[PDB]
Amino acid sequence: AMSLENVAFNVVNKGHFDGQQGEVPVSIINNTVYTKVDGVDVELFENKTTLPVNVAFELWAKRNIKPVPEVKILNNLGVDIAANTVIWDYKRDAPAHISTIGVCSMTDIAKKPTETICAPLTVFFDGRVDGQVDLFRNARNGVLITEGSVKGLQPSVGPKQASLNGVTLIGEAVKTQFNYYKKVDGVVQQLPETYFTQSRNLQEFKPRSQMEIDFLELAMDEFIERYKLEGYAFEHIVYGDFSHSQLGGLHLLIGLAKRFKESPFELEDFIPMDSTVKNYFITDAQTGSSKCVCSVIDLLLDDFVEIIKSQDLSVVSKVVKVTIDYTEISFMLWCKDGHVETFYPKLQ
Amino acid sequence: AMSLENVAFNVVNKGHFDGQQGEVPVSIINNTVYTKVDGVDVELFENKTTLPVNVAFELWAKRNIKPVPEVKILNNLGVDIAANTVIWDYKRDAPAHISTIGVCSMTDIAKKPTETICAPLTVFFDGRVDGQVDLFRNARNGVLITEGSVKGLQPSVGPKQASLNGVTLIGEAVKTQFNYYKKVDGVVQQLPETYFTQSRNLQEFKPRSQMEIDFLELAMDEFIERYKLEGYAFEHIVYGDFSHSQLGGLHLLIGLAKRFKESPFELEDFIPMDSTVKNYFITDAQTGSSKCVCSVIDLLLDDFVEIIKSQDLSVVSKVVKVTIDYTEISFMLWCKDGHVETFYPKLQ
Amino acid sequence: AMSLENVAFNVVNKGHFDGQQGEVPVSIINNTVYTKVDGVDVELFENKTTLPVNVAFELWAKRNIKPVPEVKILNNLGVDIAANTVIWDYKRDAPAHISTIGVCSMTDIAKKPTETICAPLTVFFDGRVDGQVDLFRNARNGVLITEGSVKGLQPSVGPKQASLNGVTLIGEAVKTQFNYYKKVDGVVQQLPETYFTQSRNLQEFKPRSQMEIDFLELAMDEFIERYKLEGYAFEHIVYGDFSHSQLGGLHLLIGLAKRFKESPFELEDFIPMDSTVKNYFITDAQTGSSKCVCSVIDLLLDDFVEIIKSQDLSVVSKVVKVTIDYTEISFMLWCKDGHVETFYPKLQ
Amino acid sequence: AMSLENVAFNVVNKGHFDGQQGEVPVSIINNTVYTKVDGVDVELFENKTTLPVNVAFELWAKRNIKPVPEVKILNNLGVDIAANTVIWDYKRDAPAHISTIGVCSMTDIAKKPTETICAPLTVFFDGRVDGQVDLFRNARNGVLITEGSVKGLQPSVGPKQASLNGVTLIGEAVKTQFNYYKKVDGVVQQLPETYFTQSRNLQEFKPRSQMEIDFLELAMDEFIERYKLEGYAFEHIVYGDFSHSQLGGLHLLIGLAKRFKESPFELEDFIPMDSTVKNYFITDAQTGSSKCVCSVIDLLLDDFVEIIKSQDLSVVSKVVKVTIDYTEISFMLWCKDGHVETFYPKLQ
Amino acid sequence: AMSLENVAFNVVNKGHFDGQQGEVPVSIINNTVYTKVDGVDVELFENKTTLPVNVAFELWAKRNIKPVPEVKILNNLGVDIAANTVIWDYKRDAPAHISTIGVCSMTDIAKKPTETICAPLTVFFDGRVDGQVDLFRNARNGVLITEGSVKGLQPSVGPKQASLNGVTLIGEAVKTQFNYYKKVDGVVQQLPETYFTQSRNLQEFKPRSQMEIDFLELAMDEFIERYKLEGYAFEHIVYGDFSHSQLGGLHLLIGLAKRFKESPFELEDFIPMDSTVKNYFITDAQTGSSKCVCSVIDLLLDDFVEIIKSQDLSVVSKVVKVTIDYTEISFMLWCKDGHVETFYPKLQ
Ligand SMILES: CCc1csc(-c2cnc[nH]2)n1
Ligand SMILES: CCc1csc(-c2cnc[nH]2)n1
């Protein structure tokens with residue numbers, strides 16, 4: 001019994017779509033959905049998507065309000081569509097997937113993920129919803145998240161953090177660490193051994209280890225001394241070189257956060273989406289040092305130290321492939337006389 | 001002698017409409033009003049209303065720039081239209097009322113509030129403007145604000161704060177506390193005895209009493225001890241319970257402000273408008289505790305303590321009606337064995 | 001070989017237009033440019049200009065990413081168009097000039113600034129680009145910036161600061177202080193002796209002299225005592241009078257910054273553009289003191305003290321013309337009994 | 001080497017996309033594509049589709065300019081996508097199919113119809129294009145059109161008419177009658193015995209038989225006499241009853257054309273699309289007789305006479321299923337005392 | 001005293017801008033200008049231009065309502081701007097020129113054509129307006145139209161027809177044949193000897209000579225016999241060959257008009273603008289013969305016969321340049337054994 005007025009009634013009264021009966025008067029003007037509240041129009045939704053306004057409004061209302069995997073993890077695992085839910089991409093203000101299964105009549109390709117249209121697509125299943133572990137078992141392609149063990153299925157322990165309504169958090173009152181499962185062409189796939197990005201912000205960065213606490217507190221030359229990092233180009237890679245017109249290094253989010261406390265800088269997110277490695281056009285406000293494409297990754301400093309120290313430093317240049325967030329991230333390792341010159345998430 | 005170019009000349013030269021003669025070249029592109037300043041277009045206004053762009057621009061230029069009652073107070077008092085002014089709703093970026101009286105030819109229903117079209121509408125009158133106290137006396141319906149006494153009219157002392165250009169403040173250089181008067185069907189109405197919401201922000205919250213100072217400084221168990229609040233469920237109602245998947249209580253703005261200093265949280269204002277009780281889809285970033293509809297009221301902690309302590313705690317559940325901002329706010333009081341379990345502004 | 005898809009490929013892969021070959025799939029919906037990234041549309045640009053979306057996108061991609069003069073300086077020097085570059089106006093989110101020379105086929109009036117269409121326009125030339133000092137010599141009208149000396153040309157030392165990608169900064173890793181040259185009707189013009197505005201922000205204001213350090217630290221009556229400013233109305237002009245309904249003085253940005261640390265205020269930028277003197281509709285949140293048109297200039301306090309102390313204080317009212325950012329700024333000097341009453345950048 | 005500017009160059013110089021090299025300056029304003037021609041913008045395309053303006057422009061430029069099957073035939077045969085062409089729907093001013101194969105990077109699901117994504121879709125193959133008869137032979141699902149015979153495959157002779165650039169015509173200088181072949185799950189189908197709609201216009205109707213010539217040239221009572229149609233309700237079904245408030249019958253396009261020659265009428269095409277049976281809200285201007293849903297079919301009068309005369313007239317009401325344009329069209333047959341009362345394409 | 005409301009008052013009351021005082025309430029919604037007429041909005045103008053809606057509305061209201069030269073003639077003569085008028089391009093629904101002189105504050109480059117900005121532009125002068133013949137005399141670049149003679153200046157007799165409000169006509173109650181004068185760099189030009197296009201419509205074509213009357217009234221083989229046109233390929237060029245998939249010839253509008261009377265056809269005007277030679281994607285509805293780019297010129301049949309008979313027919317292929325509407329039109333002449341094969345306005 002789906003309608004624009006019922007979706008709007010649910011938003012107004014329940015904070016989101018909750019399947020409740022009722023209608024509120026709605027008006028659509030260009031890309032905005034309004035509702036009449038005591039004679040005046042009140043904005044309920046501004047369409048920032050490439051879908052029609054009323055369609056995007058319904059998908060946003062019907063978004064998953066439980067902690068769900070971050071869009072970067074879902075993309076890295078090849079997810080095409082979700083089963084009977086909408087994963088809302090808060091970084092793009094749009095649905096994470098083009099089509100739906102049993103959500104909205106305009107975007108639905110099927111009502112149930114058992115329909116043959118879904119067979120070639122990697123469907124996302126949520127083990128916390130009844131019957132979805134079985135739907136994954138019957139799916140030709142898919143990604144499954146669970147809170148516990150599935151008999152017979154070998155699990156992948158995912159990241160500690162999940163996205164609850166656009167807030168990336170490591171749950172205390174809710175479970176955010178899931179078991180991951182993937183199927184390609186009817187066959188369960190062994191998910192690789194992987195590092196996870198920490199999903200932290202530059203402005204509200206918090207250290208998640210004693211090495212990270214020591215990086216933000218200690219001076220450059222004494223941190224490198226304490227952690228035996230001499231010859232690993234941390235001065236360039238992690239700390240950043242702001243002495244020339246082109247900003248040198250600065251590829252770890254912790255280094256950007258340390259720099260940010262002393263002096264601010266402009267990070268231009270020219271491709272605004274969730275991804276394991278982010279690209280920014282950075283301009284340091286203090287020195288005027290800048291870089292058009294500065295690739296930044298948020299790894300735990302210990303994980304980055306482990307990656308760089310596990311590399312052979314005897315060649316001039318080579319690609320170093322590291323599994324991060326289930327995807328293979330190519331890095332460019334540049335050495336000279338047995339020491340690192342640079343190490344950066346390779347620009348493609 | 002009203003024109004788009006004259007309204008724009010006034011905005012450019014006077015900061016708002018000031019009745020000054022002159023014209024500036026204007027260009028309208030979609031919902032934005034631009035003006036040519038030395039060969040380049042400069043944005044003067046972006047239409048966020050459901051009115052035509054040039055009409056919304058004129059009403060915004062013709063907005064009341066004196067401290068006026070907050071839109072929630074005007075709505076609670078049943079105001080439909082203002083007399084010869086525009087009350088700009090800064091929370092909605094739109095006029096507070098659909099039609100005008102003697103303001104804009106496109107939105108005007110009348111030139112003077114004495115026209116019979118205005119008789120059934122509650123017209124807002126400003127006693128600070130010449131002849132408006134008399135216009136209220138002649139109005140069939142209306143709300144009047146004054147700075148002093150009106151002979152014969154029994155006043156209602158309003159809130160200490162008013163809105164000056166979207167800034168809610170308690171005036172020191174201007175008067176913000178008004179006398180309130182209301183008329184329904186030619187008859188002056190006795191405005192009820194009322195509490196007032198404090199209109200504070202979460203991010204720049206300031207305590208307005210020694211009890212409020214003690215709430216933000218003292219620990220939970222010693223504040224409740226000092227103010228004899230044992231058995232009144234302040235731990236749930238005011239402090240908030242962040243231990244379960246559903247966020248418990250957290251219905252007073254002071255409690256949200258105390259929580260905000262320690263850890264941040266997302267408050268989704270899904271119905272963005274001015275109102276006595278606000279509804280937020282809250283997500284606690286620390287714990288992942290969340291609630292789709294968390295009703296929040298900004299009462300002075302002393303006023304809330306007075307309301308909860310003036311209740312009979314012998315029944316399981318009952319509606320407790322409290323007059324706040326001239327409106328009757330229904331609360332849901334839940335008790336057990338003579339103690340409060342919960343008390344919240346009842347969701348309708 | 002210019003295309004929308006190639007401009008988008010360059011934005012996606014290089015952070016801006018870099019002349020690289022390649023195409024990415026693009027979709028245009030209303031005023032937004034999107035690109036397909038793994039099956040979902042990602043926003044690359046939102047058109048805030050009065051130009052067509054694809055045209056504004058190309059000019060933004062083709063923007064000058066080197067430290068360039070601030071748009072206010074270029075406007076004050078009468079610049080109409082830039083030679084083979086786009087000066088992006090980050091204060092207006094639009095190109096600083098209507099037409100281009102050798103940049104975009106839609107906005108180009110010429111391919112080279114030597115074309116007779118450019119002769120009557122003041123073309124901006126960048127001495128850091130090969131052949132542009134010669135193009136200035138051949139131009140009938142123009143403004144030239146250089147890093148060093150041009151044989152025979154008498155230079156004007158410009159401001160210490162320039163705009164690098166919208167960040168106004170005094171360069172340490174890049175050069176931001178240029179030599180300025182201007183030509184009117186084939187004849188090189190002597191640029192006047194000038195003060196420069198400091199281009200600081202209210203929220204991140206930093207003192208650039210011991211007088212500025214003393215202004216923000218010392219109390220009003222002891223700063224005026226230390227710097228012998230008795231009788232110069234600094235209490236009104238610089239500190240601001242918040243005792244009446246109309247906010248008195250407050251015309252220097254340092255005074256606004258000092259006030260801002262104690263109590264916040266709303267500054268309404270009703271003409272949002274870069275300019276030597278800015279106009280704000282200010283509302284003091286603490287007192288409710290307000291002014292529709294409060295002209296603010298960011299001069300170094302020492303430069304403002306020098307200007308006010310170099311004035312004859314024997315007449316009631318007179319216009320005081322001061323050269324700031326190469327433009328003549330008219331001030332209104334009001335005196336009484338040999339003392340300053342007020343001194344403000346005269347509202348036109 | 002696809003670009004918006006190259007698609008526009010092709011439109012401007014070749015009348016459509018012809019793979020020619022070159023670029024013209026383009027500007028996009030809302031849903032319109034313009035090109036600069038001697039300093040002024042000239043409209044090239046107005047987007048009437050739900051696709052982005054630049055995407056719809058490219059698909060329209062890349063439309064099939066050879067006589068192709070009418071969209072109703074393709075829909076009736078279950079065609080989902082075309083192989084390496086765009087079937088433009090001139091009745092909807094939009095592409096006939098959502099996705100493309102080897103046409104536009106934004107809408108392409110595959111480059112070649114041999115990709116596994118196309119296997120479950122009924123792909124349209126044109127035997128006039130080299131290798132497409134062989135692509136149909138290897139495809140799991142698909143519809144093939146040919147001018148001549150295919151080895152082994154028995155054809156289904158299609159309609160005499162095809163659509164050449166939106167003009168439905170029976171070709172004299174081009175071939176418009178095709179052989180149809182269909183494959184479902186790898187098996188060549190035996191297409192059903194079918195009547196074809198004649199695809200004529202009301203305003204330029206031409207008779208295609210001596211019975212049709214006699215219907216237009218003769219009076220009602222003598223045509224029915226000559227063709228022994230007494231008792232078949234042609235007076236109601238074909239001629240129309242304009243004597244009551246509800247317009248009676250009028251379900252054959254020839255009858256509407258006969259009526260149109262005498263007096264005009266408004267046909268409201270409330271679902272504007274190509275389809276075997278059309279629905280119109282008709283209002284007769286002469287009498288004021290009207291019908292909200294008047295289903296109209298354009299059958300050759302001889303074919304309609306054959307259908308109605310091949311029915312059992314002994315029951316009050318029954319569904320009569322007829323294969324028209326390869327689809328099953330349900331009709332409603334209403335009889336009384338062995339005579340037809342009405343016979344109309346069933347409103348479902 | 002220019003305003004949007006005054007321009008709208010003039011449109012509503014005078015049918016166009018007539019300088020009358022007064023204002024009507026206006027509302028702008030996207031690209032449409034509305035006015036309130038008795039409580040309901042009535043559409044006054046729909047913007048089909050690339051200019052802002054209110055700017056295009058004012059230029060349309062301020063359009064020249066006297067018979068003016070057709071936009072193709074003005075373009076061919078190199079006119080850039082008009083002096084104190086707006087030449088409205090009814091074929092593009094937009095102003096014929098980008099900028100104005102003394103018309104609209106948004107589009108004006110100057111108030112009087114004597115300003116130095118106008119010196120390098122070819123300004124259009126109308127001798128019917130007081131002092132414009134003298135303004136042409138003093139202007140460096142410009143085109144002058146006059147009804148009668150100018151002292152000293154030898155005229156160029158223009159076409160018999162002019163455009164009166166979008167209606168191309170040969171005036172009987174008004175003068176439509178003008179004397180043309182042109183000046184380049186201060187020197188009066190000798191305008192070339194030229195043929196004129198007749199500017200006729202396909203649907204309402206009228207013969208303007210006994211040869212044209214005979215072309216329409218006679219059969220192909222007897223017209224060619226009467227006018228000794230054997231060997232000049234009129235059967236192909238003028239009559240059209242509809243026997244093959246590609247429509248042969250059909251380059252004269254009289255031939256299209258003759259064909260149109262027998263059977264209809266679709267002419268797709270893919271570059272909709274006024275021009276001496278027009279290009280159409282033609283589809284013949286009777287035969288299905290079609291051509292993507294069919295160049296059509298409307299010459300008087302006698303003028304076309306004179307052009308083709310004044311050509312040397314001894315080479316296989318050559319460009320034949322003919323002055324039509326003051327511009328040089330290249331034709332492609334194809335011969336074989338001394339006879340014409342084809343002759344068409346060269347597709348460049
Ligand atoms: C609808 C009027 C009409 C069109 S064609 C036609 C006719 C031609 N030959 C016999 N009849 N009558
Ligand atoms: C195209 C049909 C037509 C129009 S005018 C015309 C004619 C008039 N006098 C001779 N012939 N024939």
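Heads up, residue numbers simply count up from 1 along the chain you see.
Determined via X-ray crystallography, 2.1 Å.
Just so it is clear, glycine is given a Cβ too, placed from its N, Cα and C backbone atoms.
As recorded in Swiss-Prot:
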- D:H236: active site, proton donor (ACT_SITE)
- D:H251: active site, proton acceptor (ACT_SITE)
- D:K291: active site, for uridylate-specific endoribonuclease nsp15 activity (ACT_SITE)
- D:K291, D:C292, D:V293, D:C294, D:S295, D:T342, D:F343, D:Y344, D:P345, D:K346: uracil binding site (BINDING)
- D:3-63: domain 'Nsp15 N-terminal oligomerization' (DOMAIN)
- D:64-189: domain 'AV-Nsp11N/CoV-Nsp15M' (DOMAIN)
- D:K291: site 'Transition state stabilizer' (SITE)
- D:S295: site 'Uracil recognition site' (SITE)
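Feature map: Swiss-Prot annotations on the structure.
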residue : record                                                              : Cβ contacts under 8 Å, 6 or more apart
D:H236  : active site, proton donor                                           : D:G248, D:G249, D:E341, D:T342
D:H251  : active site, proton acceptor                                        : D:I237, D:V238, D:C294, D:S295, D:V296, D:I297, D:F343, D:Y344, D:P345
D:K291  : active site, for uridylate-specific endoribonuclease nsp15 activity : D:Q246, D:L247, D:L250, D:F281, D:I282
D:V293  : uracil binding site                                                 : D:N279, D:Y280, D:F281, D:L347
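The binding residues for uracil are recorded as D:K291, D:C292, D:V293, D:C294, D:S295, D:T342, D:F343, D:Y344, D:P345, D:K346; their greatest pairwise CA distance is 17 Å.
For D:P345 (uracil binding site), the count of additional Cβ atoms within 10 Å of its Cβ stands at 22 [all protein chains shown]. Secondary structure from DSSP puts the residue listed as 'active site, proton donor' in a helix. Classification of D:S295 (uracil binding site) by DSSP places it within a strand. Taken through DSSP, the domain 'AV-Nsp11N/CoV-Nsp15M' (D:64-189) splits into 13 helix, 38 strand, 75 coil. For the domain 'Nsp15 N-terminal oligomerization' (D:3-63), the DSSP-based tally of helix, strand and coil residues reads 20 helix, 18 strand, 23 coil.
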